[PDB]
Structure formats: structure tokens, C-alpha cells
Amino acid sequence: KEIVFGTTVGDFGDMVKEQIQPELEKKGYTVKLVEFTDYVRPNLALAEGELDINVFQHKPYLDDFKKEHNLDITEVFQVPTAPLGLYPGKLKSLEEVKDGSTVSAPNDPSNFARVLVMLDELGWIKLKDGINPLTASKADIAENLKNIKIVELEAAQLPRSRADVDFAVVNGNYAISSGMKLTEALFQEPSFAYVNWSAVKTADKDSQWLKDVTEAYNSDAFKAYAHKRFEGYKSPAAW
Ligand code: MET
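Cut-offs used in this document
- Residues numbered from 1 in each chain as written, not as in the entry; some residues may be left out.
- Heavy atoms only, no water.
- Residues with missing side-chain atoms left out of burial classes, pairs and counts.
- UniProt positions renumbered as here; feature names shortened; annotations may be inferred.
- Helix = DSSP H or I, 4+ residues; strand = E, 2+ residues; numbered from the N terminus.
- Contact = heavy atoms within 4.5 Å.
- Pairing = 2+ DSSP bridges.
- Right-handed = clockwise from strand over helix to strand, strands pointing away.
- Buried < 20%, exposed > 50% of the residue type's maximum accessible area, 1.4 Å probe, protein only.
- Arc of directions from axis to C-beta.
- Near = heavy atom within 4 Å.
- Polar contact = N/O pair within 3.5 Å; in protein donor to acceptor, adjacent residues only side chain to side chain.
- Areas by Shrake-Rupley, 256 points an atom, 1.4 Å probe, with all protein chains shown as cover.
- Nonpolar A, V, L, I, M, F, W, Y, C, P; charged D, E, K, R; others polar.
- Domains from an automatic or database assignment.
- Salt bridge = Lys/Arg side-chain N within 4 Å of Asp/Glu carboxyl O.
- Axes fitted to C-alpha atoms, helices over the stretch in contact; angles between N-to-C directions.

Structure determination for the deposited model, as stated in its record, used X-ray crystallography, and the stated resolution is 2.15 Å.

The name that the PDB entry assigns to the protein is Outer membrane lipoprotein GNA1946, with the source organism given as Neisseria meningitidis. Its PDB title, taken directly from the record, is "Crystal Structure of Lipoprotein GNA1946 from Neisseria meningitidis". Database annotation for the protein, UniProt heading Sequence similarities (unreviewed entry): "Belongs to the nlpA lipoprotein family."

Q: Help me out: how do you make sense of the overall build of the protein in this one?
A: In terms of regular secondary structure, the protein is built from seven helices and twelve strands. Its C-alpha atoms give the protein principal-axis dimensions of about 60 × 35 × 30 Å. Long-range pairs, those at least 24 residues apart, make up 74% of the contacts in the protein between residues at least 6 apart in sequence.

Q: I tried to follow the pairing of strand 2 (residues 30-36) on my own but got confused; where do I start?
A: In the sheet, strand 1 (residues 2-8) pairs with strand 2 via seven bridges, with the strands oriented parallel. Paired with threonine 7 across the bridge in strand 2 is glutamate 35. For the crossover from strand 1 across helix 1 (residues 11-25) to strand 2, the handedness is right-handed.

Q: What should I look at first to understand helix 2 (residues 41-48) in this one?
A: Because an α-helix completes one turn every 3.6 residues, residues spaced three or four positions apart along the sequence face the same direction. What helix 2 keeps buried is the set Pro42, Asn43, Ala45 and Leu46. In a view along the axis of helix 2, the buried residues occupy a sector of 160°, so they form one face of it. Residues of helix 2 that are buried make contact with strand 2, strand 3 (53-57), helix 3 (59-69), strand 4 (73-78) and strand 12 (197-201). Two residues or fewer after helix 2 comes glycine 49, characterised by a positive phi angle close to 110°.

Q: Can you walk me through unusual backbone geometry in this structure?
A: Among all residues except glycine, the phi angle is most often negative; among peptide bonds, the trans geometry is most common. Look at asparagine 70: it is not a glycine, yet its phi comes out positive at around 45°. Here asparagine 70 lies in the loop between helix 3 and strand 4. With a relative accessible area of 70%, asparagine 70 lands in the exposed category.

Q: It is not clear to me how the site of the ligand should be interpreted in this structure. Could you clarify?
A: Close to the ligand lie 13 residues; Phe56, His58, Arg114, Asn171 and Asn196 are nearest. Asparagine 196 places a side-chain nitrogen or oxygen 2.7 Å from a nitrogen atom of the ligand. Protein coverage of the free-state accessible area of the ligand, which is 300 Å², stands at 99%. Along the lines of polarity and charge, the residues of the shell around the ligand split into five nonpolar, seven polar and one charged. Mapping the shell around the ligand onto the domain boundaries places at least three of its residues in each of domain 1 (1-81 + 191-239) and domain 2 (82-190).

Q: How do you make sense of the pattern of salt bridges when you look at a structure like this?
A: It is possible for side chains bearing opposite charge to pair when their charged atoms get close. Applying the stated criterion across every chain yields a total of 13 salt bridges. The partner of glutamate 18 in a salt bridge is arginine 229, with the nearest N and O atoms 2.9 Å apart. With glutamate 18 in helix 1 and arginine 229 in helix 7 (residues 220-229), this residue pair connects regions lying 211 residues apart in the sequence. When the shortest N-O distance is used, the salt bridge between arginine 114 and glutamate 189 registers 2.8 Å. Placement of the pair is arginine 114 in helix 4 (residues 109-121) and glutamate 189 in the loop between strand 11 (187-188) and strand 12, with a sequence separation of 75 residues. For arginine 114, a relative accessible area of 7% corresponds to the buried category. A residue is classified by how much of its surface remains accessible, and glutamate 189, at 8% relative accessible area, is buried. Each of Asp14, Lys17, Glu18, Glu35 and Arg229 takes part in one network of salt bridges that share partners.

Q: Explanation requested: the sheet that holds strand 4 in the structure shown.
A: Note: strands within a sheet are paired through backbone hydrogen bonds, in either parallel or antiparallel orientation. If you trace the five strands from one edge of the open sheet to the other, you get 2-1-3-12-4, paired in mixed fashion. Every other strand in the sheet has two partners, leaving strand 2 and strand 4 as the edge strands with one partner each. Neighbour-to-neighbour, the strand axes of this sheet turn through a mean angle of 25°, independent of strand direction. Taken together, the three bridges between strand 1 and strand 3 define a ladder with parallel strand orientation.

Q: Would you mind showing me how to read the side chain of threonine 81 here?
A: Position of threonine 81 among the secondary structure elements: in the loop between strand 4 and strand 5 (85-88). A polar contact is formed between the side chain of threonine 81 and the backbone oxygen of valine 79, at a distance of 2.8 Å. Excluding residues within four positions of it along the chain, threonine 81 makes contact with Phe12, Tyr194, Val195, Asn196, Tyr233 and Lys234.

Take a look at the structure:
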């Protein structure tokens with residue numbers, strides 16, 4: 001049986017090629033990997049049938065996308081994830097913020113919400129009490145304490161937005177594939193609500209191949225591999 005994986009390019013793809021694929025092949029499976037540079041296509045390819053499983057998103061994004069596009073897909077298990085971080089842009093230290101400082105952020109809703117929550121924790125802005133952090137939007141800002149100019153861009157353009165803004169909040173997969181290091185972040189999201197999940201069409205939730213893939217991502221072997229290959233990543237809660 002052939003298992004077709006869809007992942008964003010870089011780390012999640014490497015997990016498959018370097019570790020998961022060889023493990024599944026020892027069980028007779030032929031594995032195919034399709035890598036994407038964007039966040040939009042994977043879930044569509046999954047629902048269409050082109051992919052049997054994808055690994056590139058967190059639950060809030062999945063939930064948002066599924067609803068918006070009415071797709072019968074669901075999460076299965078979590079994977080080691082590169083954490084979200086606020087990195088040095090033109091300014092190199094949090095201490096250097098000032099009135100009007102610019103901060104770049106991804107512009108899709110589920111990820112943008114994360115930037116606002118991070119700015120609230122830094123005390124740069126103040127979010128209204130009782131709002132859903134998962135859906136925080138500009139309308140949820142009670143006071144822009146430091147008059148921060150939040151610059152929004154397509155998620156993939158964040159690493160290089162650093163040349164044009166004081167600070168840049170970059171998604172981990174893009175930070176890593178752009179030559180950035182997690183240790184370079186000035187502040188990292190403390191939350192664990194965004195550790196990424198693999199997704200599949202609901203129809204395959206109980207399949208045998210998915211059971212094999214699932215244990216391949218949770219064996220001691222994988223855990224050892226992950227510990228040395230992806231230092232600094234947030235681990236699946238189940239671990
Ligand atoms: C498509 S949702 C964003 C996924 C990305 N790997 C992150 O954890 O920030």
C-alpha cells in the first residue's frame with residue numbers, strides 16, 4: 001500500500017525522508033512525499049484525495065480552514081514543532097522597543113491571533129479581558145500601550161521582513177527553512193496550544209496504515225531521532 005504525505009517544506013518534510021519513510025518501508029509500505037511552500041494547498045490536496053495525510057498545521061488553523069472550506073478532515077497526532085518567536089529586525093533587543101515600533105506578523109487569522117497574544121504578554125499592547133485568545137483580532141485590542149505599528153504579511157515573507165521592521169514574529173517552519181535559529185528569538189510563545197498535528201480525511205481515521213504511521217511518530221526510535229535532530233522544538237503533549 002502507498003502512503004502519500006503532504007508537508008510544508010523543510011523540517012516536517014525531513015522527518016518523513018530521514019526517519020518516518022524508512023520505518024514504514026520496513027513494513028512493506030511505499031511512501032511518497034509532496035512538499036508545499038504555502039499553508040493553503042495541503043488541506044485541499046488532503047480532502048481531494050491526492051494526499052493520505054498532511055503535517056504542517058496546528059489545530060486552530062485546521063479548525064478554521066475546515067469550517068471555511070467545509071472539508072471532512074480531522075487531526076490525528078501531534079509532532080515536534082518549531083515554536084513561534086519574535087525575532088530581531090532592525091532592533092536587536094526587546095529593551096529597545098519604543099512608541100511606534102513596527103512588528104511584522106503573518107496575516108492569516110489563526111496565526112495573527114498568536115501575535116496579538118504575544119504582544120499582550122510583552123506588555124506592548126493590552127487585549128480586552130475575556131476575549132478568546134485563539135481568535136484575537138485587532139478589534140480585541142483594549143489599548144495599544146506602545147502605539148505599535150503591526151505590519152501584516154503573507155506568512156512565507158516574514159523572515160525577510162526583518163530588514164524592514166523593528167521586530168518580526170515568524171512561524172517556526174519558515175524561520176528554520178530561511179536559515180534562522182530558534183535561539184535567535186527574543187521571545188517565544190509559551191503556549192502549547194499550537195503544537196502541530198497531522199491531519200487525514202475522517203474516513204481514514206481507523207485505517208491500518210494510519211495506525212502504522214501513528215506509531216512511527218511515537219516510537220522510542222522517533223523520540224530519540226527527534227531529540228537530537230530538532231533541538232528546541234515543542235514536543236507532542238502525549239509524550
Ligand atoms: C498552518 S498553521 C502554522 C503552522 C506552523 N508550523 C506553526 O506551528 O507556526
